[PDB]
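Okay, so here's just one chain, in structure tokens, the form deposited in one PDB entry.
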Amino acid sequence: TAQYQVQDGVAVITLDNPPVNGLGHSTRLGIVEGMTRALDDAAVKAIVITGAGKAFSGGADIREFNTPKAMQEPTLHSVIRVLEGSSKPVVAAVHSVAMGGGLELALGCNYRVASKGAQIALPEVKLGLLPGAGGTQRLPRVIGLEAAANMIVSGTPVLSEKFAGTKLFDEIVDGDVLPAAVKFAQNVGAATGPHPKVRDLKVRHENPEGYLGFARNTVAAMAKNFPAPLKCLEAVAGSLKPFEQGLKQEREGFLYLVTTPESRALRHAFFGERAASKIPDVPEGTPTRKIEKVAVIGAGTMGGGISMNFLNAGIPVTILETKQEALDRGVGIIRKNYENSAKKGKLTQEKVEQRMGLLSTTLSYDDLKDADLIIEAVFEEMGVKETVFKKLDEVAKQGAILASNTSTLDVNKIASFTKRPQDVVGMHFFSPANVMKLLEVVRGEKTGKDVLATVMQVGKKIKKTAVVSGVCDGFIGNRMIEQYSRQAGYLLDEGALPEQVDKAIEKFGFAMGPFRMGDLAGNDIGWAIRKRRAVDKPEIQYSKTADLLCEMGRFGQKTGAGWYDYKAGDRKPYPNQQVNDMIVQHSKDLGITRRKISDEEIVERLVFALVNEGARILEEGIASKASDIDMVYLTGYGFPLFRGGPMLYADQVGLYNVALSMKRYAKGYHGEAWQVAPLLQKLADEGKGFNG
């Protein structure tokens, strides 16, 4: 809505749609109604538009993004046309926040008055779009070509006081904006002749091609698979043209960006982050437990990184270890990590000191006695878990949540080591745990709903993207990545080499291909897993290539030698001859005559192995929705943000096509791998996507 009130010959229209006065249909309609009332009232000499509560306006209402209501007249474009046509002067009274369509609205007024401390931005580029209601044409008219380009391409906010000396604001005041804007409006309300419009100003620049030529290169370099930045710059370039020509060019660039798979991807990830908190049978408002202090078992790499997430949020942690010397080691690693970021200018040494001030360390389980949340981060061996969780069950206060960081193991069985399996949950962090955003929350059969809701809340407090998985081997992320690695392996058997595979998938947009990732994790880990599996019920095939690699002792970066060789101080992974010889020989030993594998086949085999397993995950109810799997891949495995996640990418390719490619691969080497997931084949045949 918009409220309307006259006072002293000034109609004041107040945007009122908390939390940020989003420009939804009812708000846009309120602005127009208010304008109509103000223009009819002969006592009204001028008009002030402002916002209620904590914003002028943050722009588009996200709750409407995706309704018919987002496009229902009056649109922001038609709102602005009304403001521009007003015979009475319109003064925007800007405080706190004016972003996107909000800023576009203020720019459509005759005058603008701002208080200091207001966040000013056009962040459309962040969802893969551009400011599509005149911002690219009006902003350079008030702050200059280069400054508008910078704001619009970066999407970054700027405090209102920094616009002093430009034409964005006619007056900047220290305190309350409304009384100064009403007074301003009284003064222009008495003047006679017509009032200014930003569209009448002209962008002035001594050498626009000079500037833009340089800017084009630097933008193209930074933008790396995102089309919006350059299109934003080309829109702002249009502001040199007559207004209506510039505006048409802005609109065209908007409509172009709206079609891009990248804008779809950025939106999918925005909305997917928000939806990850939704659990079908744990409704919003399920009450949670207070988590004030935390404990972590293990001071090694994982325990340490986990701890830091809590310290960074202001939540104290006690780390338990066995030997005092482990503590000293672990704590020094944490302080090293923090001092490294302070060296790189990413926090102060005072902030380092306060975070280390919240860290305690013990050797006794008995000092874990009033922690509200205890996270176990020890050796991945069920018998070690049993020892830890039995101690925790004696020691921990009633109501404490007992969490395992396990990436593999059966959380239902961990829980059965205690008398209170309802308080046992998986909290699977990803390495390095202070950097990776993903938190895979594993819901045990017995895990309470309160406990689940609590871990979700804690996740958001320590700035993780928390996604809920049911219990199965590998949960969501690792279960899928096994199928991806399996295909990688098979490619080597058939004719690929490691660098070739990693480059192809890295070009597709993964941060790190599977062979480099195997080397970083340690190839020995997967080796032991496979050896125990071959003894078990599974008679799955894997390429023996990885086994043969470990039989050479080439564990990866930790031994300087994995699929590739590594030199200290040197980020390049170097191909190794002995490795490549073993691969070529291995194909000989299978009687496989090697073939040339395209980069395209590499990407399809890798990505589509993810997709197929994700669809089985969905069918089982292990993940509650496809976007959850996308967020896992975006936040845990370096899947390209510009493509949205594996499931969204399958949708973008067309599930009909994906199923065809699978059916083709089923005719080849280990075709057992390429039976189409039932859910995927059903969506394909109905013409549907995983995500709608």
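From 1 onward, residues are counted along the sequence shown.
From this point on, the text means the form deposited with a small molecule bound, which you will not see here.
Looking at residue 80, you'd find every heavy atom of it more than 4.5 angstroms from the small molecule in the bound PDB entry. Contact between residue 300 and the small molecule in the bound PDB entry is found at the 4.5 Å heavy atom cutoff. Within this chain, residue 380 lines the site of the small molecule in the bound PDB entry, having a heavy atom no more than 4.5 Å away. For the chain shown alone, residue 384 is a contact residue for the small molecule in the bound PDB entry, at least one non-hydrogen atom being within 4.5 angstroms. Figure note: of the listed segments 402-410, 242-250, 194-202, 499-507, the one touching the small molecule in the bound PDB entry, with heavy atoms no more than 4.5 Å away, is 402-410. Interface residue among 321, 234, 494, 601, judged by heavy atoms within 4.5 Å of the small molecule in the bound PDB entry: 321.
This chain is drawn without the small molecule; in the bound PDB entry, the residue among 331, 550, 388, 610 with a heavy atom within 4.5 Å of it is 388.
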